[PDB]
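This document opens with one chain alone, in structure tokens, the form deposited in one PDB entry.
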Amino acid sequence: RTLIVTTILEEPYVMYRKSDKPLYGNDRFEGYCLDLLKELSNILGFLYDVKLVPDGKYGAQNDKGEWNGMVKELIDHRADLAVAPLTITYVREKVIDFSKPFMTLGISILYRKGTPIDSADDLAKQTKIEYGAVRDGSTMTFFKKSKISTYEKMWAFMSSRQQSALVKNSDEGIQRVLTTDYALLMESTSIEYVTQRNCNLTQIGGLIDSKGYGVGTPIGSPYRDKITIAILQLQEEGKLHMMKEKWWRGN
């Protein structure tokens, strides 16, 4: 066959390949997820056709409870697999299958090096260093929904003053950390990408939660089990580690 793979542009998982002339088909894209897709293809033996998700969304439910994004593409059988940094959540797991995670991670703190701040507790107990998250992002939502005291206090601070401590998107957030006295709460995968490329920034403290990214399949897929096993094989052989360093290691 040719499997249709839904995916989404997200640096450095899936990016348009630099070119001086128009590119076509799978040659338009490169990145960690394209390399993962290639390894999966080699192990399981399938051909594939990468299609960016038309609405540019990962997948969530609206007020009606209808799904969108890559999740919807799988539900509607317009895609055979989603190979993207798609977070495994029980709400999605109800409607699609997920492989074993190919990346495990958690929320953490991006800030400057050389300071006395060593945890979320240290941020929460003060107000001089501003801190926040990308508005309407996965991490902001974690804080908004937390029932843990420290994280409730943090959300109160973040959501205070008309949410001035929140940012529009990740690049704005990263530049806010660089230019001002500000700490950004974000997924640790994104933090490591930034700290690899900005020597004066660091992850502060450990991970505040745990989550993982998995390959999405429609429920009933003949590829479900085989994908999990292939990811286990790639982890054991050190290949996931190699592909991560390929795309994350920076200047």
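Counting begins at 1, following the sequence as shown. Here the rigid core means the biggest group of C-alpha atoms that line up within 1.5 Å when the two forms are laid on top of each other.
**Q** Report the stretch with the higher mean CA temperature factor, choosing between 53 to 61 and 213 to 221 on the basis of the entry.
**A** Mean B over CA atoms: larger for 53 to 61.
**Q** Which is higher in the entry, the mean Cα B factor of 198 to 206 or that of 40 to 48?
**A** Here the higher of the two C-alpha B-factor means belongs to 40 to 48.
**Q** Can you tell me which of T180, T104, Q126, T87 has the maximum CA B-factor listed in the PDB entry?
**A** Most elevated C-alpha B-factor of the set, per the entry: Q126.
**Q** Taking the C-alpha B-factors as the PDB entry records them, is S146 in the lowest, middle or highest third of its chain?
**A** Highest third - that is where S146 ends up once the chain's C-alpha B-factors are sorted.
**Q** Using only modelled residues of the chain, where does the Cα B factor of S160 rank: lowest third, middle third or highest third?
**A** Answer is highest: the recorded C-alpha B-factor places it there.
**Q** Lowest, middle or highest third of the chain for the C-alpha temperature factor of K246?
**A** For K246, the deposited C-alpha B-factor lands in the lowest third.
**Q** Within this chain, which third does the Cα B-factor at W67 fall in: lowest, middle or highest?
**A** CA B-factor rank for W67: highest third.
**Q** In terms of the CA temperature factor given in the entry, to which third of its chain does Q175 belong: lowest, middle or highest?
**A** For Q175, whose C-alpha B-factor we compare with every modelled residue in the chain, the answer is the lowest third.
Not pictured, yet referred to below: the form deposited in another entry.
**Q** Which one moved? Candidates are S41, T202, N26, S221, criterion is a Cα shift of 2 Å or more between this form and the one not shown after superposing on the core.
**A** Single hit from the list, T202.
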